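Notes follow the structure.
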Amino acid sequence: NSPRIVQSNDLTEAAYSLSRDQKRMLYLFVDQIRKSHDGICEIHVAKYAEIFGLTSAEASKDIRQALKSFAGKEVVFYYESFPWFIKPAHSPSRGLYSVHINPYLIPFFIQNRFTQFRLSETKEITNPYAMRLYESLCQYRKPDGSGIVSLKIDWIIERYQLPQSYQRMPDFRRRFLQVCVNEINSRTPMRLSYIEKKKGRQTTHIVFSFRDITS
DNA sequence: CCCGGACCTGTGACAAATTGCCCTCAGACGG
DNA sequence: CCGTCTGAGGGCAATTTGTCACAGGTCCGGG
Ligand SMILES: [Mg+2]
Ligand SMILES: [Mg+2]
Ligand SMILES: [Mg+2]
Ligand SMILES: [Mg+2]
Ligand SMILES: [Mg+2]
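Using the UniProt record's numbering, the letters of the first sequence map in sequence onto residues 14 to 49, 56 to 97, 109 to 140, 143 to 247.
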C-alpha cells in the first residue's frame, strides 16, 4: 500500500506559491520528518523516478531545478512568514541530494486538526493549483469518502496565490476552476461537482460536493 | 425620458511557461 | 582494466497557462 501523507491543516491552508515538482518533493519531506528532528532530509534520484514513473535523466532535471527555485520562497501562516530552506541544497554523493528545511517549520508540519491522503491519489495531477484544491477538499472528507464545503473566493485567491488576471471572474472560471475540477475528476478517485453562490451581481463562494468512486 | 456610464458575462487572440521527449558523454561499480 | 547502468548536461515541438480587447446583457440617474 502506498505512502500515507498527513499534514497539519495550517499547511493545507497556508499562503505560498510552489510548482508541481516542488510540491512532489515537499510531500516526501513531510513524510521523512514525520517518521521520527533537525530538519535535514534527503532525496534519491532513482527512487523519485520510480515513484512518479519518470526516467532517471528527467528526474535529475526535475529535482535540480525545483531545488534552486526554492531560494527566496516564503510561507505565511495566518500572520507569520518563514523561509522554507536555511541553506542551499547540495549533493554529497552522485544521485543523492541533501536539504535543510527551516526547523521552525516542524511544528507547522505536525490532535484532531489534520489532513490526510495517500500519495497515489495526487501523483498524476499536473496543475499545482489543483493539488492545492484536492488537499483542501481532503481536509473535509468523511471516513466513508464524501464531503461538502464552501470556500470563499477571496480566500482561495490569497491562499493559493493565484495570478492577478484571475481576479476577473470569467478568467477565474475558465483557466482555474473548470480545469482543476476536470483534472481531479480525471486523475484522482474522487468525483467532484460544484455550484456558485452569489450576492447581487458578484459571485462570492464556491460550494463543492464530492464522493468516492468506490461506491 | 433616454443616452452615457459602471457593472456583469463569455470568447478570440496572442504571449509566456510547462509538458514529456530526445541525444551526449563522463562517474561508479563489479566481473 | 572495460562494459554497463546512471544521471548530469544540452536541447526540442506540442500543449497549457496567463493576459487583455471587444461584443453584448442589466440597472442607474440627470441634461
Ligand atoms: Mg520536468
Ligand atoms: Mg454590482
Ligand atoms: Mg443606439
Ligand atoms: Mg453577433
Ligand atoms: Mg452596450
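Just so it is clear, CB atoms sit at the ideal spot from N, CA and C, and this is done for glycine as well.
With a threshold of 7 Å on Cβ separation, who are the neighbours of residue i within its own chain once the five nearest residues in sequence on each side are excluded?
{"i": "residue 131", "result": "42, 58, 60, 114, 115"}
{"i": "residue 126", "result": "61, 63"}
{"i": "residue 213", "result": "224, 226"}
{"i": "residue 138", "result": "21, 23, 24, 96"}
{"i": "residue 140", "result": "21, 47"}
{"i": "residue 122", "result": "128"}
{"i": "residue 79", "result": "64"}
{"i": "residue 136", "result": "46, 56, 58"}
{"i": "residue 117", "result": "130"}
Taking the CB atoms as reference points, tell me whether residue i and residue j lie closer together than 8 Å.
{"i": "residue 193", "j": "residue 76", "result": "no"}
{"i": "residue 96", "j": "residue 19", "result": "no"}
{"i": "residue 156", "j": "residue 219", "result": "yes"}
{"i": "residue 179", "j": "residue 242", "result": "yes"}
{"i": "residue 85", "j": "residue 35", "result": "yes"}
{"i": "residue 151", "j": "residue 240", "result": "no"}
{"i": "residue 82", "j": "residue 166", "result": "no"}
{"i": "residue 188", "j": "residue 235", "result": "no"}
{"i": "residue 71", "j": "residue 124", "result": "no"}
So does residue i have its beta carbon nearer than 7 Å to some heavy atom of ligand 1?
{"i": "residue 81", "result": "yes"}
{"i": "residue 156", "result": "no"}
{"i": "residue 190", "result": "no"}
{"i": "residue 77", "result": "yes"}
Since I believe residue j is in contact with residue i (beta carbons under 8 Å), could you give me their beta-carbon distance rounded to a whole number of angstroms?
{"i": "residue 183", "j": "residue 237", "result": "7 Å"}
{"i": "residue 31", "j": "residue 24", "result": "Not really, about 11 Å apart at Cβ, beyond 8 Å."}
{"i": "residue 173", "j": "residue 26", "result": "In fact, because the Cβ distance is near 15 Å, the residues do not count as touching under 8 Å."}
{"i": "residue 177", "j": "residue 246", "result": "7 Å"}
To which residues of the same chain is residue i closer than 8 Å at the C-beta, ignoring the five residues directly before and after it?
{"i": "residue 98", "result": "Placed between 97 and 109 in the numbering, residue 98 has no coordinates, as the chain goes from one to the other without interruption by modelled residues."}
{"i": "residue 134", "result": "112"}
{"i": "residue 211", "result": "159, 162"}
{"i": "residue 221", "result": "153, 244, 245, 246"}
Output needed for residue i: all residues of its chain with C-beta closer than 6 Å, excluding positions within five of it in sequence on either side, in chain order.
{"i": "residue 148", "result": "19"}
{"i": "residue 15", "result": "150, 151, 152"}
{"i": "residue 202", "result": "none"}
{"i": "residue 204", "result": "198"}
Is any non-hydrogen atom of ligand 2 found closer than 7 Å to the C-beta of residue i, if you look at the structure I gave you?
{"i": "residue 233", "result": "yes"}
(message) Report the start-end ranges of each beta strand (DSSP E) in the segment 151-179 that is 3 residues or longer and not cut off at the edges.
(response) Entirely contained in the segment 151-179, not one beta strand (DSSP E) run reaches 3 residues.
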